[PDB]
Structure formats: structure tokens, C-alpha cells
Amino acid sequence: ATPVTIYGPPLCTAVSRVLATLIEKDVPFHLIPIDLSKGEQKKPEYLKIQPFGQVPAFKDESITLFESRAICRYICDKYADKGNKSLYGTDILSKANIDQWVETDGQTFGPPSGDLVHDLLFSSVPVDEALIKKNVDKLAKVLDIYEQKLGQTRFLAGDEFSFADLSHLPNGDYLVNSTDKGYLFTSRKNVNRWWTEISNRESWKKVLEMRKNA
């Protein structure tokens, strides 16, 4: 197989999402750097690839894709028979059952957690501590619902790790390990169990190792 091409730095949450997915699916890849600190993602040449001037972007022999969850769904389809076969289900029901919790990442967990990560770690503008308080409360109410769900099932969608869990890793990791908001996860028993299990998965450990080696 020819390695697929991924654009962007591993430190980027949306890039990490794709990388963890590739590793779970045993898909070889080649990572092309895009230096966000130098604004390289806004260069006309890159905009030909990702028209919104964001990373990641994905290329293989057949298609160019953007939006990390779309990239991941394609990887899971194309390589269904490979690696972790059950990551995004094995049939129409199991896929949909996982998918609703992927959408919960995208629409519910993702916005407050992502804004927290951005405002605390990746913004050059002074932290509006009111806006922080708003999003912490937002995220706490979400995790209170996760707490009940995770008292019924080991992972969000059922008994096995799925792409719905994987998709929480990038924002979760920055909050737990690079901000003082980790207690939102670790003070909730079932959420803490879940977070501890998913963050210690070998694929995610491999992504963290990639960040370490630049």
C-alpha cells in the first residue's frame, strides 16, 4: 500500500483525531507539515486542498477530503476489513448506534470543550474568564449526562471502544493534561473510568508519542 497523505501538525486536535483513526485501522500514512504559526494554512496553494484554510486534509489515490470526522468515516469504510474492524460498527445498526455518539461529540461535547481548549491554550487574546466559566458549566452538564450513560455501558455506544469514544480524545486530552479543568472528567466516577480507558489505548499513546517527536 502507498501511505495516505495527511496534512497538518499532530498537536492539532482534528489532525490527532485522524491519526488515531489511521493507527486503529492499520493504515500507513505520511504526514505533511503545515506550520500554523506561520499561517501556512492560509496560503493559496494549501487552500486548493482545504478551502477553509484549516487542517487536517486527506489525500489517497482516489480522493482528497477535509473535515476530520468525514476523513475518519471514509477511512473506516475503505478499510473496513482491516485493523480494528469494529471501530465504526460492522453493519447498518451498529454503525448508526456509534454514529449518534459521534454526532454528540460534534454537536454537544465538541463545542464547549473545544472552545475551552482554544481559549486556554491556543488564543493570543486575553482569557475572558466569564466565557471560560460559561463553557466549563456547559461541559459539566454534558459530562453529567455521560456519567449516567457510562454507568450503563462501558463506552459511550456500548461495550466496545468505538470511533465515538476516539473522537473525544483530542479535546479531552488537552483539558485533562494541559489545563486545570481535568477534574471535570476525573471527579465523575464513570466518566473518569471511561477517560482513563480510552486515553491509555495504544493508538492514542502512539499519537501522543508523535507529538513528542515533533
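Sequential numbering from 1, following the sequence displayed.
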property	result
Average Cα temperature factor in the PDB entry - higher stretch of 35-43, 184-192	35-43
Residue stretch of maximal mean CA temperature factor, 71-79 vs 121-129	121-129
Residue with maximal Cα B-factor (values as given in the PDB entry) among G172, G151, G158, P51	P51
CA B-factor placement of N135, once the chain's modelled residues are sorted into thirds	highest
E202 - which third its CA temperature factor falls in, relative to the rest of the chain	middle
Third of the chain's Cα B-factor distribution that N84 belongs to, per the entry	lowest
Third of the chain, ranked by Cα B-factor, where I98 sits	lowest
Third of chain Cα B-factors occupied by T90	highest
